[PDB]
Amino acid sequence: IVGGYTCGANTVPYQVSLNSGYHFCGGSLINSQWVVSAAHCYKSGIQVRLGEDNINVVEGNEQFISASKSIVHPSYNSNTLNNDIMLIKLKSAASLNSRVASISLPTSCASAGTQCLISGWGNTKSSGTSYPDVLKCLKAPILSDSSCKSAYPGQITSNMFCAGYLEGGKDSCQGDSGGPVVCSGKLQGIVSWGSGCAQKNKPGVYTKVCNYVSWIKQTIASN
């Protein structure tokens, strides 16, 4: 996260780190046994780490649970990142508590200008690299269709939205991928892509989770 702030330990209790001997992506807990992340975060050997604040230190409240399955959207396209969403089933259910909690799926898409919370352990530098130990937060508005498509002509599908700031300095970034964009208590977005981080007129692009609620529920129900 670039231009963000220290969230505070466990203030984002649905926030998850995907780990494979290191942090590589974020995710969101949507029930005790399922996490939502990005398809480009797919890999084998995923350990899900819940209740994390300092990802480099065992502080208490952590739960490490291996993924039993990782389900990439069958229509995911790695070239364009359309359908950049993945479901991860945990080997065992998480124990839910104040510090480990699910985030609600939306019942309606969000509108332009809606303010959302974006969080992650990704790079905190627009240029260069600095990865934080503790969770970073960023408040960001959802941008208009035209703005978004103007930012990235022919690159924006109906399964994508822009959120962020056109003036630069505040964006999601590397390491934040697959993490949540939560608006009014609903998971509306997944960190998907962008051109660099926090560059002027190049805002963050996010998977439009409201288009996948049916898919999400049918897939979970069948697995």
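Position 1 is the first residue in the sequence shown; the rest follow in order.
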Which has the higher mean CA temperature factor in the PDB entry, 72 to 80 or 147 to 155?
147 to 155
Of 179 to 187 vs 192 to 200, the stretch with the larger average CA B-factor in the entry is 192 to 200
One of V16, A9, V213, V205 has the largest Cα B-factor in the entry, namely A9
Quick check on the deposited entry: does the C-alpha B-factor of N61 sit in the lowest, middle or highest third of its chain?
middle
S102 - which third its CA temperature factor falls in, relative to the rest of the chain
middle
Assigned third (lowest, middle, highest) for the C-alpha B factor of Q115:
highest
Sorting the chain's modelled residues by C-alpha B-factor, tell me whether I55 ends up in the lowest, middle or highest third.
highest
Ranking the modelled residues of this chain by C-alpha B-factor as given in the entry, is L90 in the lowest, middle or highest third?
lowest
